[PDB]
Structure formats: structure tokens, C-alpha cells
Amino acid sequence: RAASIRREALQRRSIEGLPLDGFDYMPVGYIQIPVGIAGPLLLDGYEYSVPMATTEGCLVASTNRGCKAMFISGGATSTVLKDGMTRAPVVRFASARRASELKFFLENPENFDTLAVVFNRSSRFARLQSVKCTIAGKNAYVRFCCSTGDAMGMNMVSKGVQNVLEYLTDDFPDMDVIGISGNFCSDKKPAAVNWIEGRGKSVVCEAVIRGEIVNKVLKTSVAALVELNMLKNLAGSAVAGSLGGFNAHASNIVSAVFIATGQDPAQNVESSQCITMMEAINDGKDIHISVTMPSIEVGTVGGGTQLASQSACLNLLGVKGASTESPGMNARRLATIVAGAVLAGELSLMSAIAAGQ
């Protein structure tokens, strides 16, 4: 209604193509990104039609060729290694010695259940896992890690940090809270702390392609792919001084799935973090392929996940909304689907390159 009057305000230059009617509502319209399907992606038993919101189009095709090569090869096996969202306030004291005392306090086992109880009023779903106090001079970067059910859970983890931050004025009234975020989290930035430590769902996803299928179907060899993986994704990314960028195009696939399933597209910068491994097995006859992804940040609940169209795309994958089984399970399964689509993407583009030789 108003958003309709606000559009004519702006043209009084033309924003004519931008549709207004079609979406249920400071909005001035909406853009449209077409959705392609990659599948079947055979993953931990189940088949998935992977929705990919993208303009490219040759990317849906490329991810498709990868899902097929894995479909006839046994499919993919994902393993969730760690599941927990993080927020890291920077606080400070008058001294590093004093700041150290907050560290040793927070990192004492015997204090945990108290810090936990305080943190977990943040919601029904907040369950604090750990606290890592990093000291730099008289400043402390306190990394809180917690499970958050099927929500990506950034407000939740913040309600909880503030709970423990208020509770801490009892013992530490000299503490100055400089920021609710000190970039030690690290949110929507590439950071070693996320690579080393994990942020959100840390996933590994693997498949074995048989020599016969690498020749007949990918029109390359086991040895050519193992070598191209070492020279491009490992030695190449190393020579370029990459952080977490030891892969061919995880970012294309992660972005496309994120935008279709209504994730935060800015969290794609650390969610795209990936090492691609390609290892000759069975006296060089077959290839073991994996993606290891320490910081896939997704939810099936909240944000853009509950818009009509994005909701339809989660529902296709059967992860729409909170888990009935147990809270967190739909968000965990979404992460493995991303790791699986990434693995297919790596295999397709890595074969295309190696085959082109």
C-alpha cells in the first residue's frame, strides 16, 4: 500500500522492471532470481532435488553433472564434526593481569554450569557449549559458543552474551564492555579463528568415483584429477596466500543454495570455507573425493527462511522449519546438503578442467 506510494516518490529515475505486486509485506519492491534444480544428490541414503537460486544457468547444469556422477558411484557420505554458533564481545580492564583473571575465571570448569544457566535464559533453545577468553594487552575477546536449535541464532547467542556480561559485574565491576562484537567471532568476515575453530556446522562430505566412471563418464583419469587438485586447489591456493580457499568454487554453490533457502547471503564469505581433497585409492584404480567445510552457517527457522518462495525451497529438501525429531536436526541436515552440492560442484568443474587437457 505505502510501499506502492513510496515507489512513485522515488521516480519523482525509472524503477519500472522492479515488481511491486506478488509479495506479501521500508520495502519499495522485490527482485526475482530464477531457481534451478541439481539432482538427484544421493546423500547419507536420501535423494535431494537441490534448489539453486542463480542467474548463471551453466552452474545448475555443472552441479547436475556432478550429482549424476556421484549417483552411479554410491552417492555421498556427510559427517557433522561440530555444531555451534559463536559471538565474541571485546571487554577491557585497566591491566592485562586483571583481564587474565576474567579469562582464568570463565575458563575454569567449575564456573561453567553457572555461566550456562545465566546464558540459557536467552531462549528455550540456547544451550551454551564453551567460552574461550583470548587476551590482547588489557582487552579480552570472549568467544561464546552455543547450540541454537534450527535458527541460525545470532540474536539468541547475543541475548546470552549480554546475560553473562551483566552477571559478570558482580565479580568484575571494573570491566568495560567496548563492543557486543570485537571481530573475534568472526561474523561475515574470513578469519583463521573460523577455519581452525569452526563456526556453525563443521561438515565433511565424501564419495568414491571408480576408475571406470572417471574414464567413461568424466572423460579424464584418477591421476589427472589427483594432480589438478594438488596444483590448483592446494599449491595454487597456497601460492595465492589463501585462507580457507583450498577449493575450486564452493562459493558459487553455497551462494546459490543460500539465496534459494533464504539464508543470510553475507554469511557466504565464511560458509564457502572449504578444503577439497582428491586421493587415489585401491592401487590407484579409484578416487576418494571430499570437501571439509568448518563454518557452514544456516538455519531452517527465522530470517528469510519463512518467506513464501524460500520456504518452498527448504520444503523441497524436507528441512523446512524446526525439527520434530529434535531441535537442530533440520539445520544440521541443510548443512550436509550444502556440503554434498559443493562436493558435486567441485567434482563437475574439477573434471571439466582436467578433461579439457
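We number the residues from 1 along the sequence you see.
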Self-check item: Missing residues, deposited sequence, between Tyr25 and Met26 (class: none, 1 to 3, 4 to 9, 10 or more)
Solution: 4 to 9
Quiz item: Which class describes the count of deposited residues lacking coordinates between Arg12 and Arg13: none, 1 to 3, 4 to 9, or 10 or more?
Solution: 1 to 3
Self-check item: Between 169 to 177 and 225 to 233 (mean CA B-factor, as deposited), the higher
Solution: 169 to 177
Exercise. Output the stretch having the higher mean C-alpha B factor in the entry; the candidates are 71 to 79 and 152 to 160.
Key: 152 to 160
Quiz item: For the listed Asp264, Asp286, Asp187, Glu206, which has the peak Cα B-factor recorded in the PDB entry?
Solution: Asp187
Practice problem: Name the one of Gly66, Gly299, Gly304, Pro327 with the greatest CA B-factor according to the PDB entry. | Solution: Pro327
Practice problem: Tell me, lowest, middle or highest third: where does the Cα B factor of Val291 rank within its chain? | Solution: lowest
Quiz prompt | CA B-factor placement of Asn247, once the chain's modelled residues are sorted into thirds | solution = lowest
Self-check item: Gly84 CA temperature factor, ranked by third within the chain
Solution: middle
Exercise. Can you work out whether the C-alpha temperature factor of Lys216 puts it in the lowest, middle or highest third of the chain?
Key: highest
Quiz item: Thinking about Cα B factors across the chain, which third does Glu101 belong to?
Solution: middle
